[PDB]
Amino acid sequence: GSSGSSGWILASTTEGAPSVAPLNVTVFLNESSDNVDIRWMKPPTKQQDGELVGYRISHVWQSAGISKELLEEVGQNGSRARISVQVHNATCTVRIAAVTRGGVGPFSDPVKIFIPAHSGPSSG
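Per the authors' numbering, residue 1 is the first one in the sequence shown, and the count goes up by one each step.
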């Protein structure tokens, strides 16, 4: 390393990844509680592919004039995730994916959840 001593492209894989997403993908938004319930199912990934070590949840918050992005990290031993409302009155898109000892599979269908403002009476 000539005045660099940078990383070193170590052994890399050539194939092997969960080309599938989690099932029973459901996302509940509590109006009384500033938390988001997330429950999914384990994929059929049981073939030569390998095994599941964890999942990948990506929830981004998009609001008028304010756009934030969040990323949760959950392992195999969980089958459950929760997120503390980071933004109100904004459209957040939830997405979960299967993670293995090889890589990260494709995220499931995008779920657009409507985050109701703190409080707003005289609505209906």
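Where a beta carbon is used, it is the ideal one built from N, C-alpha and C, also for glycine.
Beta-bridge partners of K112 (DSSP): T93. With 16 or more other Cβ atoms from the protein chains shown falling within 10 Å of its own Cβ, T100 counts as buried. Note that the C-beta distance between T13 and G102 is below 9 Å. By DSSP's assignment, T100 forms a beta bridge with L52. Contact between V85 and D34 holds: their C-beta atoms lie close to 4 Å from each other, under 8 Å.
When secondary structure is reduced to three states using DSSP, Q62 falls in the strand class. Rounded to whole angstroms, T93 and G1 show a C-alpha spacing of 44 Å.
Considering only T91, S67, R56, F107, the residue with the shortest C-alpha distance to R82 is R56. Note that the region 23-30 does not touch the region 67-78; fewer than 3 beta-carbon pairs, one per stretch, sit closer than 8 Å. Secondary structure note for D37: its beta strand (DSSP E) is the uninterrupted segment 35-41. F28 sits in a strand when the DSSP states are folded into three classes.
With a cutoff of 9 Å on beta-carbon distance, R39 and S3 are scored as not near each other. Each residue's CA atom was taken as its position, placing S19 and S108 some 11 Å apart.
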